[PDB]
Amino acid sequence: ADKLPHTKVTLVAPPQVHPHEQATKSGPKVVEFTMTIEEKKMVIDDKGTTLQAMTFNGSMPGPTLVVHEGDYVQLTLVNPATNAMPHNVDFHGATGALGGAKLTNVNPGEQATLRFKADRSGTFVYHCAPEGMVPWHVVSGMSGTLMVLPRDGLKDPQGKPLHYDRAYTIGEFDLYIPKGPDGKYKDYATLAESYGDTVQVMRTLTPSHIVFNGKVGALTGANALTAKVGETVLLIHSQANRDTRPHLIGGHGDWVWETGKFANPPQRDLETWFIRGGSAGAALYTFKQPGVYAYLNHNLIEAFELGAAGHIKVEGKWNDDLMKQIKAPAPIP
């Protein structure tokens, strides 16, 4: 590892993913990343409910880190003195030391640097895991995805090449916001004060909200995802704590690795796939019709009532062979 060239990657905010190559002629590198933890109160719904949140780099989810199989990930994790809690990081993509958590315990005002070999291809969850407060840090927002691409790019079941033209990252967060005697959601002055009440809601296993990217409607309106007919999108979906079942309304998973590990053949033509709590998965879809699609958790209560749904606005020409309104709504003859 010490013989290798180093490279420095600038991260970008979800739902985007930082520029990267798929298939590459480059040999292994030590790829250097930095993330800074930010605790903060966030508004998570249309009615102004707040979450005492914890984030990597200020976002839910954290940014997606992209490397290739055989690369070494070298992360500097920074925990500013303005934060209240200790933190660390557990990479599911890593081998040893509780995913790196044991080696990255950072109090406010501290930082650490971890290196590990990304020797397995796939999308992998990373998350905070401080001893004794693991679920709280995770459900409060401290997770994201490491994508380790195969050096020669994605392959189908027959070993033929697959690619995406555009990649999006979606983190789905089951939230456990307490209510007071009046049935209204509680607003907490500090992160520490939210703790006890939150654990109580957590233990019921019933989320109050389930949101993409930190808020009801985060991926809608001005913030809808975008594509054009003929473009192939990669949709990375992470859920660090609870199962979900992604679905693209009016579309499909053309090729899907629902367990998220690229050395396995993908499945094709999926209507709905399954992301296990504690994992990230990946779906390819090539758009064939223009219009506004919904991308959602297909427990439709979890989607429409609780918040697990976004939109993708697709430009291009309508295709009558694929779908045609033969007769519009009109009185019954």
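So that there is no doubt, residue numbering starts at 1 and follows the sequence shown.
Student: In the PDB record, does 248-256 or 78-86 carry the higher mean Cα temperature factor?
Tutor: For C-alpha atoms only, the mean B-factor is higher in 78-86.
Student: If you take the mean CA temperature factor per stretch, which one wins between 277-285 and 39-47?
Tutor: Between 277-285 and 39-47, it is 39-47 that shows the higher mean C-alpha B-factor.
Student: Reading the B-factor column of the entry, which of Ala263, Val199, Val139, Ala112 has the highest value at its C-alpha atom?
Tutor: In the PDB entry, the greatest C-alpha B-factor among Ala263, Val199, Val139, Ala112 is found at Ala112.
Student: Quick check on the deposited entry: does the C-alpha B-factor of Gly183 sit in the lowest, middle or highest third of its chain?
Tutor: As the PDB entry reports it, the C-alpha B-factor of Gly183 lands in the highest third of its chain.
Student: Once the chain's modelled residues are ordered by C-alpha B factor and cut into thirds, is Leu322 in the lowest, middle or highest one?
Tutor: Highest third - that is where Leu322 ends up once the chain's C-alpha B-factors are sorted.
Student: Check where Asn57 lands among this chain's C-alpha B-factors and tell me if it's the lowest, middle or highest third.
Tutor: Middle third of the chain for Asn57's C-alpha B-factor.
Student: Which third of the chain holds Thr190 when residues are ordered by C-alpha B factor: lowest, middle or highest?
Tutor: Answer is middle: the recorded C-alpha B-factor places it there.
Student: If you rank the chain by CA B-factor, which third does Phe33 end up in: lowest, middle or highest?
Tutor: For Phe33, whose C-alpha B-factor we compare with every modelled residue in the chain, the answer is the highest third.
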